[PDB]
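J.: Compute the structure for the input listed below.
(8 chains, ligands or ions: 73)
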Amino acid sequence: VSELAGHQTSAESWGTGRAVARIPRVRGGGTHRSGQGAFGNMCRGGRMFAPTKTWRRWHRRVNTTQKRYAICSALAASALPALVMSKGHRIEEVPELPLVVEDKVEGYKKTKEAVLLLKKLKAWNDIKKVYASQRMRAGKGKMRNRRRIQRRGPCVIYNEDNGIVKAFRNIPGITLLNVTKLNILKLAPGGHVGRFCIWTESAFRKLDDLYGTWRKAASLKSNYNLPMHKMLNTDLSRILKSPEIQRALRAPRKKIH
Amino acid sequence: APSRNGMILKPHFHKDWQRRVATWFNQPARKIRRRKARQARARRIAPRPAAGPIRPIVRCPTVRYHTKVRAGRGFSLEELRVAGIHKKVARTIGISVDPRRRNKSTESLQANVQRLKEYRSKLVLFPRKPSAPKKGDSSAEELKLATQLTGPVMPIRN
Amino acid sequence: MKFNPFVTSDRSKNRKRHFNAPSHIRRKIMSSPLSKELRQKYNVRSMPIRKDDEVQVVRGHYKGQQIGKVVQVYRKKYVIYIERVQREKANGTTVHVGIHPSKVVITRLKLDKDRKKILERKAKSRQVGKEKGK
RNA sequence: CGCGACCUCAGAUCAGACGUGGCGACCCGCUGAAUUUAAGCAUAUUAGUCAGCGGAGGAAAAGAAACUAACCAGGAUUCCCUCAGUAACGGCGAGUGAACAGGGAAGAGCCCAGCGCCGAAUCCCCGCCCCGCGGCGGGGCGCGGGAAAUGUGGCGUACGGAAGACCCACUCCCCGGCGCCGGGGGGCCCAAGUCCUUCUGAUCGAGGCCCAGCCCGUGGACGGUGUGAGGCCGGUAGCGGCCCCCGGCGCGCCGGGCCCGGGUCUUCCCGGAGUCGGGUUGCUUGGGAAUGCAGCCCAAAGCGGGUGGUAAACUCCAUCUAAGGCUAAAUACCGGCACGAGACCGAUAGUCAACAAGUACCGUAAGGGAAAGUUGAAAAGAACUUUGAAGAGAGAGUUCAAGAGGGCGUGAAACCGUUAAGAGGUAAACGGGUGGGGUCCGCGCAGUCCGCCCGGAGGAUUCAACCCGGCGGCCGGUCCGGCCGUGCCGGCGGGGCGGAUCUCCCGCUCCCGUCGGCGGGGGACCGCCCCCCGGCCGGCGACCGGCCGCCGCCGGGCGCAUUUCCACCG
RNA sequence: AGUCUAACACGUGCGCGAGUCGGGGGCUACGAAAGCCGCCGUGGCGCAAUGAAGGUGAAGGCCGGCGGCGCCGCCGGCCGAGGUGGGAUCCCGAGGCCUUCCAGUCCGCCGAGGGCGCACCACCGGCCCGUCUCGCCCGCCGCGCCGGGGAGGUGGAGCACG
RNA sequence: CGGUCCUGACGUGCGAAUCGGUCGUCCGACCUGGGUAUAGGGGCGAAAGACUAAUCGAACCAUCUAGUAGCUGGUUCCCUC
RNA sequence: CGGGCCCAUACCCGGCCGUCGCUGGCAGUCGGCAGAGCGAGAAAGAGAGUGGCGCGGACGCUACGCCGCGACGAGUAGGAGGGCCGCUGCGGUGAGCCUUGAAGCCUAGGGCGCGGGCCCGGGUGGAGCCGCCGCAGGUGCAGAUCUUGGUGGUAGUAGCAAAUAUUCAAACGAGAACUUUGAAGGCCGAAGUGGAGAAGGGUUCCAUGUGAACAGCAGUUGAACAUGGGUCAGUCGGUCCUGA
RNA sequence: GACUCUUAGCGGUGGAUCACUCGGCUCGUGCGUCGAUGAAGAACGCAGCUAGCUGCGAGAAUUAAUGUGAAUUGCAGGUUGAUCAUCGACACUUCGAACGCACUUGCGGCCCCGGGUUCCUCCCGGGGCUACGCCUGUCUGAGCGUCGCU
Ligand SMILES: [Mg+2]
Ligand SMILES: [Mg+2]
Ligand SMILES: [Mg+2]
Ligand SMILES: [Mg+2]
Ligand SMILES: [Mg+2]
Ligand SMILES: [Mg+2]
Ligand SMILES: [Mg+2]
Ligand SMILES: [Mg+2]
Ligand SMILES: [Mg+2]
Ligand SMILES: [Mg+2]
Ligand SMILES: [Mg+2]
Ligand SMILES: [Mg+2]
Ligand SMILES: [Mg+2]
Ligand SMILES: [Mg+2]
Ligand SMILES: [Mg+2]
Ligand SMILES: [Mg+2]
Ligand SMILES: [Mg+2]
Ligand SMILES: [Mg+2]
Ligand SMILES: [Mg+2]
Ligand SMILES: [Mg+2]
Ligand SMILES: [Mg+2]
Ligand SMILES: [Mg+2]
Ligand SMILES: [Mg+2]
Ligand SMILES: [Mg+2]
Ligand SMILES: [Mg+2]
Ligand SMILES: [Mg+2]
Ligand SMILES: [Mg+2]
Ligand SMILES: [Mg+2]
Ligand SMILES: [Mg+2]
Ligand SMILES: [Mg+2]
Ligand SMILES: [Mg+2]
Ligand SMILES: [Mg+2]
Ligand SMILES: [Mg+2]
Ligand SMILES: [Mg+2]
Ligand SMILES: [Mg+2]
Ligand SMILES: [Mg+2]
Ligand SMILES: [Mg+2]
Ligand SMILES: [Mg+2]
Ligand SMILES: [Mg+2]
Ligand SMILES: [Mg+2]
Ligand SMILES: [Mg+2]
Ligand SMILES: [Mg+2]
Ligand SMILES: [Mg+2]
Ligand SMILES: [Mg+2]
Ligand SMILES: [Mg+2]
Ligand SMILES: [Mg+2]
Ligand SMILES: [Mg+2]
Ligand SMILES: [Mg+2]
Ligand SMILES: [Mg+2]
Ligand SMILES: [Mg+2]
Ligand SMILES: [Mg+2]
Ligand SMILES: [Mg+2]
Ligand SMILES: [Mg+2]
Ligand SMILES: [Mg+2]
Ligand SMILES: [Mg+2]
Ligand SMILES: [Mg+2]
Ligand SMILES: [Mg+2]
Ligand SMILES: [Mg+2]
Ligand SMILES: [Mg+2]
Ligand SMILES: [Mg+2]
Ligand SMILES: [Mg+2]
Ligand SMILES: [Mg+2]
Ligand SMILES: [Mg+2]
Ligand SMILES: [Mg+2]
Ligand SMILES: [Mg+2]
Ligand SMILES: [Mg+2]
Ligand SMILES: [Mg+2]
Ligand SMILES: [Mg+2]
Ligand SMILES: [Mg+2]
Ligand SMILES: [Mg+2]
Ligand SMILES: [Mg+2]
Ligand SMILES: [Mg+2]
Ligand SMILES: [Mg+2]
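T.: Numbering: from 1, shown residues only, chains lettered A, B, ... in the order given. Ligands and ions are numbered 1, 2, ... in the order given. Pasting the structure now:
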């Protein structure tokens, strides 16, 4: 709010006596705005309780190590059909979830042939879901250039540009991404993991070099290696019903008394 | 009023500090403007090094840093007259000069003389009238190959 | 998506500009599509409406297939009047009902030198655009 | 006495110029409080801050050491990080409080006076002629007039300079005009459904448009149009088009200024005074036996002078050269001209001001200062009949809606009128428990069903088994073939990365083609990783192919009715 | 009508870890976002304390001999980074857990008694800096108002495998 | 021109000081219009701390200022321990 | 002094709700490839080996889940936990809702929750709205002689009482206590309730028309409202002079 | 039956809520421009019917020119370019630093024109000048200021 908002007037309290409530009153004058009440959050006009300031801490700071951790986690989640379908993508007819296409796709220049590529890959149902999801936002956001809303669709990752963004940018819900500049804001929209991804062969090959392997550290990072696992075998049922463990237990008590 | 075990503090907020609060919301805009001006200057000075003139080897002053070298203001007049370059020609051909610098030992002087000789063997000179070459001017074979270099001209590494 | 950093997506700014446009911009806003036959024979999709063009009404209570001649173009209220699109008042006077030019299709243009110049300019622009595209 | 010079000083409506005042967000120079904190209060703090005065610009100010340092030294100014809440200051209380070095953004240096040497070699103005002319300039001509020797111009400034001599080298600089070669402001333009049917007062709604899943898409931002539109309109994308005007980077031409350098040796030359510094007083600073500034008094020197954070004498070093001047960039911006955006407010909010808002109004004046948005898609804003003087009604009509009738979207509460019901001498009202009556609900009014079996009536492509074909699940103690390892061992293999692990040549400098030094390139070794080959371990339950075996399911036959299944009845 | 900014303290969650952090700078519609830099880690905090300051700056013992029993140095070699008590857990195991009865084999379990002891707690020793007392030895480019060392008390926001 | 007494009227009045009767002076230190001078820690005062635009034992206007208050008033949903 | 009797939220038995504790139980749903168990006073095996037809078996386990045993339940100032309590905006999600009707509003309608509150039905209304996972905040009122706006009882009440006073007839007019005309009776009484100016007001002055609003009753009237008109200088004054 | 209370329906008063938004607030970008050649600000006037707001200046809701190309509109009126936008030519009332002296809009002076005169003076109208400080140059001067000649 304006720093001088609610302080334009010259007003002083009427003091004790005169059967008024000791709030400041506007000074004199033959008008309705006269002896009415000027300063204070409870008065009509005048300042509010704690006027907002521009030097509120707007931005935040996150460590690079855990930013890269989050990117790795999002990429790992984006390769599980259960997680992708839970996020809601219509990937049922998709041949293989880490969808990789050849490098000829990166040379497309027509939205028509991009649409044909999507139809052949059988990812068109997700864009049709986006079309269904296009509706009008609720609340006072319409008056602030946030009138229309829609669902996020599949994400395209390219190694380098030869018209791929020109071809795909018109289609709704498609997010074009450089492999070397992945951001969690577009990889994991809304704070949830498992966005449907379409890769190109060159970007898919380069990703390994980008983030390093378990044995080989990342070469395009000055010093980075993949985060480790606190527990390896996550198949809890398999662990529980194994001979070595099942041997060393006491007999269960399931007699309700 | 202090309460229990704490650390008593002295905040310097007793002046009219809210009247002077310099925010940094225009920081990305300033970075963009600086980079754009940098590119404009680099493209304006077409073949010359983008990082301006060469600069000499300098020891840091105090005992805390006197084991490190860095880039100084300009070459000293003793270094110029030992290298053979003229005071008023060095700046034209792209060498930083300052008449303030003294030379208290021969090692720094010789290191800077060798650096000047390397730079002088390294640069390429253009004919200010292209249709007429001159004596110390280079030939078209390297005139075709001349290009700008990024960063400092001859990096100073200890 | 709009990429030009010098035009607004601001709803308020667009509304203010539209409702405060001067007359020579009102003329550009008041454009109607030519019929199928005229569009085919001129390679031009739309033409700002004029005072004496034969038109049809495509939407509303007065929609039909009758050919009506424009009477006046009332740029202040963003409506145009046609020669037989009118209702009956209480006393017995017939007044015209305004219709927006975007809901009206032009049937026969009023040709003069400047109108012909506009048509040939638009045709040349579409021809060069098609040559570039193909 | 008169006349003529110079010097100081006057009057001009003399010829030609210049200043004044405004805004003031940012900047420069003065002046300068008190609320407040110290739990009182006087030093201190608030605070060199508000108020007051003066002066500018597109930025201002500062700025090329009378510097920092004490190191193997750095090197104009300005800004950012850090130094650092540190050294220091403080009724040593409350509180206050820098700088150096380091890393960066930017990066550019110069000019006088003085000492000297050049026949004042210098500048301004009036008149003619030629050209240029909306930044009053270039050239030729005047026995034209002034300024200036009480000092103009050239060379020259602390980084040394000048002159002479001896060697080497050079004819690539700039401008006044002309002509030619390819970012800014403006204007006009450039894709595709009003397709079929069906909702509505009105469609922009809903369904469809095949095997080209209607059409365009480098255009699916937005706004308008009778709700809710990528394709109706303006627009949006495009190194898309055309048409106007302006600048720079280049080109040759005509003319103009200037005939310009470096190295060595020698001889000469070399600096800013009521200023520095000292005493005292007052303010100021973190600056403390005085950081900076100012007043008064004293008042310099030239191997001098200042500084070297504790006063003073002596003695050595280090470091600059004050008392004259100019200078872009990085930097600041709540005013102004245009803009773009927002996890902001949504008419008691957001600016006081969404509207004829600094307005109406109030005060003698300085000044104070509001309330106030919404008919409908379109006025289609109610013709006409009738009672009344009329406001105002009853009919008629528009509209989808007057249940939208000109302060008219929706229309709550307080408060009021009327209708219906109930009740009424301890003010009303309230909690617990019942009873009575109402308005409504159950669309209650013949009451639940769901499986197995027995019996009675019926009807089927109809069960089991078998054959063919397809798919799937589990296996082969130890089927054949693959892939993978946060697996390993082999290698007379081929490499990329790294090492504060070693050691052939090149560049630099130190020597009378040489001994020996430094930097760099070349190779060895070690460690990691990728790839080609081989051999074992494990996995394929985050990671399988074929064959065989069993089982399961499905489709089709063959089965034809004591089987199986459908619907009724007791 | 308990808000925002800054500081601090503790408690919780996350990443890395004796290290950690680019926040300033730089390179590449949403995007003023994001990604990257390592000879951009300058720097901050931590890895060392103590003294006003000049300064100093965190284990010892044994074996055998020479000299001035023991102690010191030349030596060589070896052990080598505390102890006591309580300590969750872990380790060993006198014997034993039946289907007729005997013997003995493998797996598993229970258990008298006995141990190696995490973290932490108490106590006792030890080491570093300041200070005090008592004392004699050692070194040399400068033999000195030089430098170094020991024994015993005591002061510290210390060390004692981060 | 002024304002004694009725301590009368009125006292949400005719009036934020008015009304009635009764009263003081009425050639003077007299009453009065316009012009003019004196401005806030100042003026001016036959002096009551009187007057200085309904405000005077320090006017009024804006700002410093959202001045401080160990002191009054208020402080917004539920359940569970 | 004796028997009997009456009742508190106390005590006993029983049901239900929550909290605490057992840091209790359950991965064993191991099914024709099968063999149903771990609750019972007293440690530890439904231990392994070596020699003497018919194709069948309920629910369960959002493990942040479900289930079982006991005990316990006051509360201001204050602390903490849980909210599938509530409000506004943002990122994801609901192939969500919506002109065959959104928000909002009213409701003697049906219900759910201990509660905060919520969901349906009816009416009105006419264009947008919501559920779940996270994020953010100018986020919840009965009070502050609180601010702004509106409305009550008082209440058709107090009041429309300073200065002597009205009456008859007619005219216009829809309408006359108040307008006008005529007549009568009165007052101011020449220091006036008269005739004219200065300061100040600024069109109030004049004619016509109207009677929405105003003139504290009414008005045919007005200093109201709307149309139009009106201020004439050498000799009135400013202009000129000087005074404090 | 009156009056009073509660409840509901309807109708009043009132403008809450909801939905709208040519308005603000905040951030960022580019530019970063007043005046004696008369600024900011004030006053008064201008439309066929016009009060306020807006625009304009006796050429007064605008002229000229360029671009666009058939309107403005509440009511009248009469394409060889209506209306808009741009804006480079022209024009721009009285005050205001405000400039002849004062601030009534009062009083002048000098010069040149047309009426008068037939310049002979008056008088009328019009036009151009008539401020302070200051720089350079010019003209006219002053001084028992320093001199030189006679
Ligand atoms: Mg406000
Ligand atoms: Mg809402
Ligand atoms: Mg406390
Ligand atoms: Mg564009
Ligand atoms: Mg003159
Ligand atoms: Mg000025
Ligand atoms: Mg105090
Ligand atoms: Mg106090
Ligand atoms: Mg006090
Ligand atoms: Mg003080
Ligand atoms: Mg101070
Ligand atoms: Mg100030
Ligand atoms: Mg300016
Ligand atoms: Mg400057
Ligand atoms: Mg200098
Ligand atoms: Mg620190
Ligand atoms: Mg200070
Ligand atoms: Mg520095
Ligand atoms: Mg730089
Ligand atoms: Mg000179
Ligand atoms: Mg629309
Ligand atoms: Mg459709
Ligand atoms: Mg459409
Ligand atoms: Mg649209
Ligand atoms: Mg179009
Ligand atoms: Mg278009
Ligand atoms: Mg001070
Ligand atoms: Mg100087
Ligand atoms: Mg200087
Ligand atoms: Mg943006
Ligand atoms: Mg309102
Ligand atoms: Mg408001
Ligand atoms: Mg409202
Ligand atoms: Mg509201
Ligand atoms: Mg309204
Ligand atoms: Mg509307
Ligand atoms: Mg309706
Ligand atoms: Mg309505
Ligand atoms: Mg309404
Ligand atoms: Mg009622
Ligand atoms: Mg009744
Ligand atoms: Mg802590
Ligand atoms: Mg009295
Ligand atoms: Mg009385
Ligand atoms: Mg009374
Ligand atoms: Mg005085
Ligand atoms: Mg008196
Ligand atoms: Mg007294
Ligand atoms: Mg005072
Ligand atoms: Mg206050
Ligand atoms: Mg107290
Ligand atoms: Mg019980
Ligand atoms: Mg109890
Ligand atoms: Mg309790
Ligand atoms: Mg609507
Ligand atoms: Mg908010
Ligand atoms: Mg309330
Ligand atoms: Mg009465
Ligand atoms: Mg009366
Ligand atoms: Mg009388
Ligand atoms: Mg009279
Ligand atoms: Mg009179
Ligand atoms: Mg009259
Ligand atoms: Mg009346
Ligand atoms: Mg006369
Ligand atoms: Mg006079
Ligand atoms: Mg009710
Ligand atoms: Mg209202
Ligand atoms: Mg309304
Ligand atoms: Mg007018
Ligand atoms: Mg014109
Ligand atoms: Mg024209
Ligand atoms: Mg006068």
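J.: count of neighbours near residue 131?
T.: You didn't pick a chain, so chain A it is. Residue A:131 has 13 neighbouring residues, counting by other CB atoms under 10 Å in any protein chain shown. C-betas here are computed from N, CA, C, even on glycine.
J.: try again with chain C
T.: 8.
J.: Please confirm that it is located within a strand.
T.: No: counting by DSSP: H, G, I helix; E, B strand; the rest coil, residue C:131 falls outside a strand, being helix.
J.: Could you pull up the contacting residues of it?
T.: For residue C:131, no contacting residues are found, by CB atoms under 8 Å, 6 or more residues apart in numbering or on different chains.
J.: How much space separates it from RNA strand D?
T.: Distance, residue C:131 to RNA strand D, by CB to the nearest atom of the strand, to the nearest Å: 9 Å.
J.: Please report how far that residue lies from residue C:54.
T.: Taking CB to CB, to the nearest Å as the measure, residue C:131 falls 33 Å from residue C:54.
J.: Dump the biggest strand by length in chain C to PDB, keeping only the CA atoms.
T.: When chain C is scanned for its longest strand (criterion: DSSP state E), the result is strand C:68-74. Extracted in PDB, the C-alpha atoms of strand C:68-74 (Å, rounded to 0.1, in the frame of the first residue of the first chain):
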ATOM      1  CA  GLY C  68     -30.700  -5.000 -47.200                       C
ATOM      2  CA  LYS C  69     -29.000  -1.700 -48.100                       C
ATOM      3  CA  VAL C  70     -27.100   0.100 -45.300                       C
ATOM      4  CA  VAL C  71     -28.600   3.400 -44.400                       C
ATOM      5  CA  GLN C  72     -26.100   5.000 -42.000                       C
ATOM      6  CA  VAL C  73     -23.100   3.900 -40.100                       C
ATOM      7  CA  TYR C  74     -23.400   5.200 -36.500                       C
END
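J.: Setting the sequence-adjacent residues aside, check what's closest to the residue nearest in space to the middle of chain B.
T.: For chain B, the residue nearest the mean C-alpha position is residue B:55 (5.8 Å; CA atoms, centre = their mean). If the residues on either side of it in the chain are set aside, residue B:55 comes closest to residue B:71, at 4.3 Å by CB to CB, 6 or more residues apart in numbering or on different chains.
J.: neighbours of that neighbour, just the number please.
T.: 14.
J.: give the contact list for it.
T.: Residues near residue B:71 by CB under 8 Å, 6+ apart: B:55, B:56, B:57, B:58, B:152, B:156.
J.: Tell me how far it lies from RNA strand G.
T.: 46 Å.
J.: Also residue B:88?
T.: Going from residue B:88 to RNA strand G by CB to the nearest atom of the strand gives 63 Å.
J.: next one: residue A:257
T.: Separation of residue A:257 from RNA strand G (CB to the nearest atom of the strand): 4 Å.
J.: ditto for residue A:73
T.: Using CB to the nearest atom of the strand, one obtains 15 Å as the distance from residue A:73 to RNA strand G.
J.: Am I right that that residue is in contact with residue A:193?
T.: Yes: using CB atoms under 8 Å as the test, residue A:73 is close enough to residue A:193 to be in contact (6.6 Å).
J.: the more surrounded of these two?
T.: It is residue A:193, of residue A:73 and residue A:193, that has more neighbours when counted by other CB under 10 Å, with 21 against 16.
J.: what's the closest non-adjacent residue to that one?
T.: Residue A:193 sits nearest to residue A:77 (CB to CB, 6+ apart), 3.6 Å away.
J.: wouldn't that neighbour be in contact with residue A:196 here?
T.: No: the pair residue A:77 / residue A:196 is not scored as a contact, 11.4 Å apart, by CB under 8 Å.
J.: Quick one: the helices in the chain, in order.
T.: This is for chain A. A:64-77, A:81-87, A:111-121, A:124-133, A:164-168, A:184-187, A:201-211, A:236-240, A:243-247 (DSSP state H).
J.: try again with chain C
T.: C:11-20, C:23-29, C:36-42, C:113-133.
J.: Send over the third one as CSV, restricted to the C-alpha atoms.
T.: What follows is helix C:36-42 as a C-alpha-only set of coordinates in CSV (Å, rounded to 0.1, in the frame of the first residue of the first chain):
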residue,chain,number,x,y,z
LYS,C,36,-18.6,-16.3,-50.4
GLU,C,37,-18.9,-15.2,-54.1
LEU,C,38,-17.3,-11.8,-53.5
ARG,C,39,-14.5,-13.4,-51.3
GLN,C,40,-13.8,-15.8,-54.1
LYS,C,41,-13.7,-13.2,-56.8
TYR,C,42,-11.6,-10.6,-54.8
